[PDB]
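Note sheet for the following structure.
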Amino acid sequence: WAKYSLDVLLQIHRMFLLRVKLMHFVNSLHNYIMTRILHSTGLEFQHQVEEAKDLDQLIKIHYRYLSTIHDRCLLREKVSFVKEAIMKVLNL
Amino acid sequence: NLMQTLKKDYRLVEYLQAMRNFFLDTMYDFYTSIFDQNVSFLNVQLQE
Amino acid sequence: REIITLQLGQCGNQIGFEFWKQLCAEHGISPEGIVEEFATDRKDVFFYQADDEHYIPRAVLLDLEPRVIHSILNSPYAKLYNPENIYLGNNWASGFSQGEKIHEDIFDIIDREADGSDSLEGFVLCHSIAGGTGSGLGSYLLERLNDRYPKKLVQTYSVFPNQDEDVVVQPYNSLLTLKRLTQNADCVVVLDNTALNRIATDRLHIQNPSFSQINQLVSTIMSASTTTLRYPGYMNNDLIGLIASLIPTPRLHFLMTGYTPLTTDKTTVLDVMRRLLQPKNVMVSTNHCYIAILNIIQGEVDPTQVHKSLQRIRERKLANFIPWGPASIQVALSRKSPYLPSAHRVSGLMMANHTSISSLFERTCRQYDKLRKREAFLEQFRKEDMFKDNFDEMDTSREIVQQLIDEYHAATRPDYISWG
Amino acid sequence: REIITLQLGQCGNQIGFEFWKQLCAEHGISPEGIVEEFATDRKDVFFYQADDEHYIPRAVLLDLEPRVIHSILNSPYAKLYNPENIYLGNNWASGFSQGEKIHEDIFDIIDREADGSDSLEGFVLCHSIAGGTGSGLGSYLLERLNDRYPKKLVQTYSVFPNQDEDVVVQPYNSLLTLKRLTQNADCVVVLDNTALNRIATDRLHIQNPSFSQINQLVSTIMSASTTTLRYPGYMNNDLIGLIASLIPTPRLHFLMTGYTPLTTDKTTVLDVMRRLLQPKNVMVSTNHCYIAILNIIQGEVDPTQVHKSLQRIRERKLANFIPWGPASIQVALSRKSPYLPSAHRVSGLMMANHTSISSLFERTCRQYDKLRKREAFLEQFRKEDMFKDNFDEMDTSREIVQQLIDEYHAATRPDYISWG
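Protein chains in written order, with the authors' numbering: chain F, 833 to 842, 879 to 960; chain H, 705 to 728, 733 to 744, 753 to 764; chain C, 3 to 41, 45 to 93, 101 to 177, 180 to 279, 287 to 306, 313 to 447; chain D, 3 to 41, 45 to 93, 101 to 177, 180 to 279, 287 to 306, 313 to 447.
This is how it looks when you write it as structure tokens:
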């Protein structure tokens, strides 16, 4: 939502520097969130589940896949020092 | 044997592939149309 | 979404022909359009799912003094694309005036294909700057497209007119076309003919068939740039997202071309990153500093490799920075295409906004200024006189390109609260 | 750290060409620069990891009346090094004046390669004393380098102008160049042309191709001296550490060359130590006493051998001592290089500061004094007259070399609280 709001727009040329000043920040953050967590940790996780021959360990590797992506993209605690910053740059 | 016949019928990998595709190209287009609300409106846009 | 590609002039129809042949060989289609059995992809970006089970590309075929377009006619790739819209030089004024008198039905041709596709993302113009055939008509059609449709994107793949060259009106033609490019386009992709000529005479020992080999290069670059649209990723599955980061302001919309193998006729991301950042793996050849770079890689990429490669690129500082902000080289990953030759398995390309192209602009401006001061190289072309008896459009284009050079130099400064 | 090597003149480009060919054969690279599979080393001392997977050396190519440099051009080692900086005699005044008028862009060439490497340790000048082509331009560039960069090291590999020789201005040229060498250099490595000529006519029976064989000798010595920098040891992995011990004071910075095999076309450290200490295994041929000697050995060295060899060297007293202090022959051990020919498996070289070179200096001073007293051997060179109409630079150089001879003789004394 923040990326598309910053990428829909067609002063003088000065508005456009303000475009770069924010659009770069959200774009780099987007690249981080996908690649370094949700695809790196996903790529190791697949190679782990394709060698599970047990009912029991299959739940466990999955919970230990979500709970580390849920840590890396943090939502577990300290949402008053990380989450609020992302929320206010959404209002930006 | 049980894990083999769980990946030849009732494939967990299939539901896994669908899962992480129902967030993150296609779901971009769906939400950008909503940029320009209501809970029954979303059903009919989603099914489109 | 969907891209409608426009080709015009002999050089533009040449590069469009090789690009369509390249995408025909790339995707699973015959030269008739017959479906293959090996084809995460998309075949609806340049291709309409057309109505005889041939994925016929949406291409506007324009001819002006056709010689090579006749060879395009009797060809097996004329069964791939022909929606039957072919409708009929050595000057900008002649091509401009000829395009002016017949804008109606060719605009109807544009309207037909605009009604043809369900969605639209942009118009990609196969264009040659001061190519004679492409010149004038291309600038006039650029005015028609940007005026008639303000809601879409205009892309112009352009060459820089230096082929070690006789035409002395060529600086005037390139200056007027560049005025149109700065004012009537959203983004311009520019290449140098001399740079690709040097690279071609380097990698082989060819001297005479330089045109066709340059066509291979630009077609490979055009396929490589739209691979991220043709194959579904996460970003730049629309044109405007790739266009957005490199262009900080509506005046600096001219992009350098890079592609890290110059070869297709083991490797890691780290080596090809440091191999990309030199200005002699760039296919476009004081303080000169990039505004923004974007690189897209395609291959068997370990995801940790891009991470530590970008680490090395930071602490080495082998890229030219932007003063007024952060706007840096961005790592993008794309899928390796089916049925591409297996050399340079990890292969990347870059598009970058650099202030160094201002030097090439002012060189051509200096050539124009020389011939304009001498006043012996207008040649008294009759279309040039009848189009403008006062030749004030040359002065207006000179003013616009001077403002462009000043804005380039102002973006070079640490303050870009000082304009031009 | 990293060394940027400068070559100039026909003789200097000759010795740089053979040295680069020697290091190409030594390290695991092709004459194009293609990596080998056998290569504790370093390839970043003379070599940049350059940007087409060729370890291209940082070499400044300077030409002045090029004859052999044209042969260097059409060569397979022109694919190893060419950063494309070649820019254009028989006199010191002509080469000095020609270097004076164009110092700007060649200093920009120096600046380009100085920006090229990440770190820098020194500038090694391939130079020939009174070689005509190297002369004058080399002395002027020595002034430019030591003035422009006071934080780095300047090394000058130099020959002594005695080739059994017609040029009668040669003592004047060598005297002016020696003034520049004493005043504008941190260290000078000097060899005798007659000594290497005697050794070459000894080991073979060659009379005509003496130049090329002397080139083999100096290139082998230059590789042997920087083996301890190119291969990681414990000390003298920087130049200044090897430079430090031999040079006790800024005036005595001239070093003799030794290398214990004169052969490459069983052995122990003990025998090659006693074989090194004679003045006829020295390649540079009253009380004469060394200031300081340093020897570096490379081979299959038992570590007890250097210990008892140095015992024998002490109680035999086969080396000339220093009165005013301790500064003696130091044993250094280095790695045997890959792909070197397996003759003299234990091989050592020495660099030494000796007062015996004062004799060669005063011989050339006596030749200059003879031709200067006669006043018939300036030949009225026009560049010599226009450069200095009063010829007071010859008097200043004579004063400086006289102070040098006096400081040499004062260092010979047990008191060096008496100066000159």
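Even for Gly, the Cβ is constructed at its ideal location relative to N, Cα and C.
How many angstroms separate the CA atom of residue i from the CA atom of residue j?
i, j, result
"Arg295/D", "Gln332/D", "13 Å"
"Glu34/C", "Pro81/C", "7 Å"
"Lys335/D", "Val358/D", "12 Å"
"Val37/C", "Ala27/C", "12 Å"
"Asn895/F", "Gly101/C", "45 Å"
"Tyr53/D", "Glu133/D", "14 Å"
"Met955/F", "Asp442/C", "30 Å"
"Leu298/C", "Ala258/C", "21 Å"
"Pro264/C", "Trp351/C", "16 Å"
"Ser385/C", "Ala403/C", "27 Å"
"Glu406/C", "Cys138/C", "28 Å"
"residue 750/H", "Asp127/C", "You won't find residue 750/H in this model, because chain H goes from 744 right to 753."
"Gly11/D", "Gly143/D", "8 Å"
"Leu154/D", "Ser76/D", "26 Å"
"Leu218/C", "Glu58/D", "19 Å"
"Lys712/H", "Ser32/D", "55 Å"
"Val760/H", "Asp56/C", "29 Å"
"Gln430/C", "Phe738/H", "41 Å"
What are the partner residues of residue i, as DSSP defines its beta bridges?
i, result
"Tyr366/D", "DSSP lists no partner for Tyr366/D."
"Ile444/D", "According to DSSP, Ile444/D bridges with nothing at all."
"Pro62/C", "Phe52/C"
"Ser76/C", "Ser76/C pairs with nothing; no bridge assigned."
"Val328/C", "Its beta-bridge partners do not exist; DSSP assigns none."
"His139/C", "None; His139/C has no bridge partner."
"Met377/D", "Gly272/D and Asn322/D"
"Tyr317/D", "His381/D"
"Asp206/C", "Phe172/C"
"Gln9/C", "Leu66/C and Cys138/C"
"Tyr92/D", "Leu67/D"
Assuming residue i contacts residue j under a Cβ cut-off of 8 Å, what Cβ separation, rounded to an integer in Å, is found between them?
i, j, result
"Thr382/C", "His315/C", "5 Å"
"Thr288/D", "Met304/D", "Rounded, the Cβ-Cβ distance is 19 Å, inconsistent with contact."
"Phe408/D", "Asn103/D", "6 Å"
"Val203/D", "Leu195/D", "With 8 Å as the limit, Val203/D and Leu195/D do not qualify as a contact, their Cβ atoms being about 11 Å apart."
"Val65/D", "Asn15/D", "The pair is not a contact, with the Cβ atoms about 10 Å apart (cut-off 8 Å)."
"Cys13/C", "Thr145/C", "7 Å"
"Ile929/F", "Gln916/F", "5 Å"
"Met421/C", "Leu189/C", "7 Å"
"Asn158/C", "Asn198/C", "4 Å"
Hey, residue i and residue j: beta-carbon distance below 7 Å or not?
i, j, result
"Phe108/C", "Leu8/C", "no"
"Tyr395/D", "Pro173/D", "no"
"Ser147/C", "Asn207/C", "no"
"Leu360/C", "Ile324/C", "yes"
"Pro62/C", "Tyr86/C", "yes"
"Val232/C", "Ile432/C", "no"
"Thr278/D", "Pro368/D", "yes"
"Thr191/C", "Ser151/C", "yes"
"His892/F", "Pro71/C", "no"
"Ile320/D", "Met236/D", "no"
"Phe21/D", "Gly30/D", "no"
"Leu256/D", "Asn380/D", "no"
"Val290/C", "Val328/C", "yes"
"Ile6/C", "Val50/C", "no"
"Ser306/C", "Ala438/C", "no"
"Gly326/D", "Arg401/D", "no"
"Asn302/D", "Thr274/D", "yes"
"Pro330/C", "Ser908/F", "yes"
"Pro300/C", "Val888/F", "no"
Return yes when the C-beta of residue i is under 6 Å from any heavy atom of the ligand GDP, and no when it is not.
i, result
"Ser170/C", "Among the components modelled here there is no ligand, and therefore nothing to report on the ligand GDP."
### Message
Is it the case that the segment 119-133 of chain D contacts the segment 411-431 of chain D, given that we only count it when at least three CB pairs across the two stretches are under 8 Å?
### Response
no
### Task
Flag this pair as touching only if the segment 245-264 of chain C and the segment 326-346 of chain C have three or more C-beta atom pairs under 8 Å; answer yes or no.
no
#### Entry: Three-pair Cβ contact test at 8 Å for the segment 224-235 of chain D versus the segment 154-165 of chain D
When Cβ pairs closer than 8 Å are counted between the two stretches, the segment 224-235 of chain D is seen not to touch the segment 154-165 of chain D, the count staying below three.
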